[PDB]
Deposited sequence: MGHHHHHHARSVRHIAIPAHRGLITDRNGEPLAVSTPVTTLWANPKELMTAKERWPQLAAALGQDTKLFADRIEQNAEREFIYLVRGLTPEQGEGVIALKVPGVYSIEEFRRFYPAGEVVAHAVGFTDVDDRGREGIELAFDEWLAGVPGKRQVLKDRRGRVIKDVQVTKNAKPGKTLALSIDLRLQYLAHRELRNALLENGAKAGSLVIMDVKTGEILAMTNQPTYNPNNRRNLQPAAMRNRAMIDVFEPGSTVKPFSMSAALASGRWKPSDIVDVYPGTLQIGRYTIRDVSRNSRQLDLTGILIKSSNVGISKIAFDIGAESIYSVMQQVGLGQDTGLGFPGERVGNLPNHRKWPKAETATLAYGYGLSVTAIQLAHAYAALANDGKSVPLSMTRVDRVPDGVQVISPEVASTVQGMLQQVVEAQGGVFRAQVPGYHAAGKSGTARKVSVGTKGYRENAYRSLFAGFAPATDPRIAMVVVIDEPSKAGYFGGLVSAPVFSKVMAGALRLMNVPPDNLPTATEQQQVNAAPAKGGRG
């Protein structure tokens, strides 16, 4: 007689959205195992057992014959309890069952990237499932069993160690905002013939990620033929040059230097500026004098470069670093990309200008959203969170409240003023933001912003990868997505309309 120990799989923790809507639920599944030595005593039962598992009779018979020495083998894993009962109804000697768990994702493709998924052993493999695997997994059980030389299960003597279920986890994601963001991002991609895209919604006061969607997406309940491209959480693992969307951070440095005020003027004529071998070039080159807001409205690289030369790159780098551009989010999602914020001891002129207009730096959509959240939250950065925040941690005042408030006002004018990004306007509210277009030929269309401009509640980033229509600029392609998603998100959150 031999004393052995069986491992009882633990029930994985429930994942909900911030309001308790289920997002990942552990489902009972039946795993069938067999004692081949016992199976050898009932060979007349094997065709019916193989036919029940949809296997060729000879292939399954060749499977058992080859394992006639092994005291344990798996027949099949993850059958539905019903399908598992049908195999048990055959009453084949040597066929035994184990109650396992498999995840079901009620929202499917809508929140696939944020929630993630489990592998064949019910352990987290991507997203939250992976990031919070220890919290969600719990601890398996240990059952004391009595076996013979062949491997036949005699009796369940005792439970040496009780299986501890995983714990519930409420995400910061609001499924109502997630669906709206998913749908509008999907529509935007198809209207623009784009390759991919991301959209992140953040609560500027709490650091919560209220929505995080990417295209292409996949159904995590039907993983057969798992296309690695469709599974990429682009918002957190795809880096890109933020371009003109970082000009507000360059202005924040300008305004904090004591050398600049919004009404100050920069001469950007003739729309180009030569600095050695390098040429800074504006898209529209029909300007001479522009005030600071004008530089943002016209998205002048020349304008922002001249301000950068005056204040020094050191001040600009420091703002960008403090808001978290090219920095660790601290979210702990394995494979999450940090990007890069270039640094110098002595900044040359070309690098100073390119830093100021976001060329040559690489950030993620989540980092860009977090930076805009700090600016929107009166210059106070609150740590990013993918789980529901009940007690808000202390923020870090990264930009002075006065400078942040001044920059907010200029971003509201970027959207509302004559010649501005009118497509980002949010009917019923004052919205603020900055569009961008990065040449990656091929382009990335960007919009980053927040609302309501007077008392900011939400920050949002829209990234559309390789739009294939005539208009590819951020203010054309991403600005309307920001408008539609923001109009919905603010109403879903019952934010009072502020354009009164």
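Peer 1: Missing CA coverage against the deposited sequence, listed in sequence order.
Peer 2: Several stretches lack coordinates - namely 1 to 9, 450 to 459, 520 to 538, in sequence order.
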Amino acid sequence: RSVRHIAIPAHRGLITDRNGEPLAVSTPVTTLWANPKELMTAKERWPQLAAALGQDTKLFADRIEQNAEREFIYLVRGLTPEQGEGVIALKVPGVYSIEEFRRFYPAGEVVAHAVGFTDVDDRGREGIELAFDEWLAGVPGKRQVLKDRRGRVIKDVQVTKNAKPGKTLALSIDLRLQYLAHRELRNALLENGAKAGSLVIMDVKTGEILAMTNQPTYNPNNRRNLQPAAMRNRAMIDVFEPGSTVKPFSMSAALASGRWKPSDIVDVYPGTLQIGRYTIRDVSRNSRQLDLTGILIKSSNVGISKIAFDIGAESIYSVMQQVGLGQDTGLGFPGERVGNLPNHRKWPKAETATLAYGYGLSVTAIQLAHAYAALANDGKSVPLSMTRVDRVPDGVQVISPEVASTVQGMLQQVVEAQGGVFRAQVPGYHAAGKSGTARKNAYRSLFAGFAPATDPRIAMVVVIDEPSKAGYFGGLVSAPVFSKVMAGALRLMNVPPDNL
From here on, numbers count along this sequence of modelled residues.
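Peer 1: Would you tell me which stretch averages the higher CA B-factor in the PDB entry, 145 to 153 or 417 to 425?
Peer 2: Comparing 145 to 153 with 417 to 425, the higher mean C-alpha B-factor belongs to 145 to 153.
Peer 1: Looking only at CA atoms, which has the higher mean B factor in the entry: 345 to 353 or 197 to 205?
Peer 2: The stretch with the larger mean CA B-factor is 345 to 353.
Peer 1: Looking at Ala432, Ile458, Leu53, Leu446, which one carries the largest C-alpha B-factor according to the PDB entry?
Peer 2: Highest CA B-factor of the listed options: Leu53.
Peer 1: Could you tell me which one of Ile297, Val159, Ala308, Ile366 shows the highest CA temperature factor in the PDB record?
Peer 2: Each of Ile297, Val159, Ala308, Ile366 was compared by C-alpha B-factor; the highest is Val159.
Peer 1: Looking at the entry's B-factor column for C-alpha atoms only, identify whether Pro9 ranks in the lowest, middle or highest third of its chain.
Peer 2: Its C-alpha B-factor belongs to the highest third of this chain's values.
Peer 1: By its CA B factor, does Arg224 count among the lowest, middle or highest third of the modelled residues in the chain?
Peer 2: As the PDB entry reports it, the C-alpha B-factor of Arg224 lands in the highest third of its chain.
Peer 1: Once the chain's modelled residues are ordered by C-alpha B factor and cut into thirds, is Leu255 in the lowest, middle or highest one?
Peer 2: Lowest third.
Peer 1: Is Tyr472 in the lowest, middle or highest third of its chain when residues are ranked by C-alpha B-factor?
Peer 2: Top third by C-alpha B-factor.
Peer 1: In terms of the CA temperature factor given in the entry, to which third of its chain does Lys164 belong: lowest, middle or highest?
Peer 2: Highest third.
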